[PDB]
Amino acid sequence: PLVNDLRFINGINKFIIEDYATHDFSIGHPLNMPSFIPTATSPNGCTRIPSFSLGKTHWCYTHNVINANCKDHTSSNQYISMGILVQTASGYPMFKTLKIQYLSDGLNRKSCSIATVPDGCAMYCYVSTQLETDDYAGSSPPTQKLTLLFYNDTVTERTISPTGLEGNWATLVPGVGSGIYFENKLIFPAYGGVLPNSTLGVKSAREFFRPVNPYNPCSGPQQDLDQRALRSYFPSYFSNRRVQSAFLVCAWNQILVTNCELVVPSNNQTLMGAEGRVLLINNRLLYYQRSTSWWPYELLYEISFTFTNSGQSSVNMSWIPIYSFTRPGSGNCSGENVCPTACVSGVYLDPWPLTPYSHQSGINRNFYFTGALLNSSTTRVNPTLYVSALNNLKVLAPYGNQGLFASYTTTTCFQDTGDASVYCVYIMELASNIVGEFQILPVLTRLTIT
């Protein structure tokens, strides 16, 4: 059957530290097991863009595979798998793949996000026929695909046209990070270009968000910095479309006929649209946003939805004030730049919150989160495991030596309810000498909390 070992079922999607108090951390050494993420079989062949979700009863995973250089965007296939957590005599769990689906039909599916659903996985993709710049330049969104893969080997794929898409968007793609299934709703992260002359475009004009780091502020007048912040949403690279984050929401009951819906947040509460991830921990929803724009720090929002079933659903998000480490970027978009400017940059590194931020009682200043960063302000290099507080890093554990190239990282933590052990899996694209561009490595460590 498709179900995790019982010791983990109650330790998944929970806040591991409910203390609200201060803690110290130690990141254990990598635990060896068979990797559930397949590598490339050729030296020049590409495998990239991981998406992972650990659900209560099982996990889903996917990434993109290309028989040529990563610079070759003509053709690709999609590796999808689903499995369970199993305890080993080695003393720690292992990810056991129950079902594999390799999609190679000649259809080019890109930027795919995966989600754990009852008895299987759901994947949100778009079909890539052209360059991303050509995409943003056009007036017509690419083909959006929703596929359901079940443990009984049934696989069903549909083209979708969510409410709010037609006419309002130049392009839309999935945000690569996992989505979730909650309250009979399938919710995926998404982003894309918005036509400034459309209804949404004119409604969302004047909307902007300008984060300020109290310990590292940007010098300038409020109005000018605000104008620059507003102008940062319209990169000329993307043909000055309004680059916007959105959520694809689909009714699971109607999931076969539904065509879903597009829920767009106010840009007063969020930065320029980018790749992201949707999390459900306890009963509360959070949203990670990659920092593609000028803001170098880690973007995590507490989000909540209002569902109207009449095509007018809203989303509200509250930014969690995190300034600790910085993501690598190029030019004036690098990790050292705290000031508003038009930027297409950054890298995908999502965190895992170990603590709630806002609770019924109040706000937790002792908020902690863990993940894998890249140690540099410029280059994607030196992958490093970390636990971080709001203003600073609690602990660091580099993987490999200096000069090791790495790109995307996605982290998930869970607890063994048997022995109370806390495990974190850090999935990262790492540069390998013998395989192709990026062996995607699921490193599993035990986390010590005092």
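From 1 onward, residues are counted along the sequence shown.
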May I ask you to compare 58-66 and 401-409 by their mean CA B factor in the entry and name the higher one? 401-409
Mean CA temperature factor from the deposited coordinates, higher in 96-104 or in 310-318? 310-318
Top Cα B factor in the deposited entry, candidates 91, 138, 179, 192: 138
Highest Cα B-factor in the deposition, which of 77, 291, 341, 87? 341
Of the three thirds of the chain ranked by Cα temperature factor, residue 118 occupies the middle
Chain third (lowest, middle, highest) by recorded CA B-factor, residue given as residue 277: lowest
Chain-relative CA temperature factor third for residue 417: middle
Among the modelled residues of this chain, does the Cα B factor of residue 20 put it in the lowest, middle or highest third? highest
Record-listed C-alpha B factor of residue 81: chain third: lowest
